[PDB]
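One chain comes next, on its own, written as structure tokens: the form deposited in one PDB entry.
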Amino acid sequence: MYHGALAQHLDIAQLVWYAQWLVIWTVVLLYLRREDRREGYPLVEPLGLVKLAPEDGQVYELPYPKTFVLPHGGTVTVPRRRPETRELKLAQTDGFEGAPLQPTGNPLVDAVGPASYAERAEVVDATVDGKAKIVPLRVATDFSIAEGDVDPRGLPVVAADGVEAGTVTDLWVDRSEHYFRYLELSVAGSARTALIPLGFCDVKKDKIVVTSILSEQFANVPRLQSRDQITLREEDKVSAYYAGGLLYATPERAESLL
């Protein structure tokens, strides 16, 4: 006789094989793939007009809503009603359903394609104990630059066309993570300030190189509401601006590299 044998060519390990697969697909399909739909759903079509009752699949694919209790008051519930309100300055290059859209205006200011920003809260991201998290060093006076590294305050910012476009006046620090996230700079010949995320900055000893945009394009970098703090949406707006540059700053960057 055999340990693990059952009637007529079944054995325990064979059943467990079937069970294991069932468990996997259950978790994958009924749990995980529904969790994946907490953002961006329900989907949008060339006008899903059926305004009186919902299509069945759209209900089945979603999970039951969950509510995050935010740390500084408020709640967010996902998934939810979140349509894109703002007018997008884009035109359909063809009638085909999955044809690309062309920008109609100036895509950096108009904020489309890679220059797009999410409609995040017009709210200042906060530290564990309520203070504004992302602030420049003139405010965060207990933060310093570390012994060894470039202090960029004073150094010029050279844009993609080799033209000095401004002077770095301050660094904005993340007080929650001890991490510099933007440089503030004076745009030469414009009497204004502008943030640039450190990711678009090549920090040298004698200058800061920025290949994302041209010198002239520092003019229209999104302005902040306040001098000494920034909102989650403003961060998106600002970051997006430079990223737009990568595809749009000159005509030839959208075209094929080869």
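Throughout, we count residues from 1 along the sequence that is shown. In this text, the rigid core denotes the largest set of C-alpha atoms whose superposition between the two forms falls within 1.5 Å.
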query	finding
Across other compared entries, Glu55 missing in at least a third	yes
Coordinates absent for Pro46 in a third or more of other entries	yes
Higher-B stretch (mean Cα B-factor, as the entry records it), 170-178 or 79-87	79-87
Of 213-221 and 44-52, the one with larger mean CA B-factor	44-52
From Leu232, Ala191, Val27, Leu62, residue of greatest CA B-factor	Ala191
Assigned third (lowest, middle, highest) for the C-alpha B factor of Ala121	lowest
Lowest, middle or highest third - CA B-factor, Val23	lowest
Within-chain third of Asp202 by Cα B-factor, per the entry	lowest
Third of chain Cα B-factors occupied by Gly98	middle
Entry-reported Cα temperature factor of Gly154, expressed as the chain third it lands in	lowest
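The same protein also exists as the form deposited in another entry; that form is not shown, yet it is the one meant from here on.
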| property | result |
| --- | --- |
| Candidates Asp151, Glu87, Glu164, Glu177 - which moves between this form and the one not shown, C-alpha at least 2 Å, core fixed | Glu87 |
| Direction of Cα pair change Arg82-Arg33 in the other entry, magnitude 3 angstroms or more | farther |
| Pairwise C-alpha change, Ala111 versus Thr85, in the other entry against this form - closer or farther, 3 angstroms or more | closer |
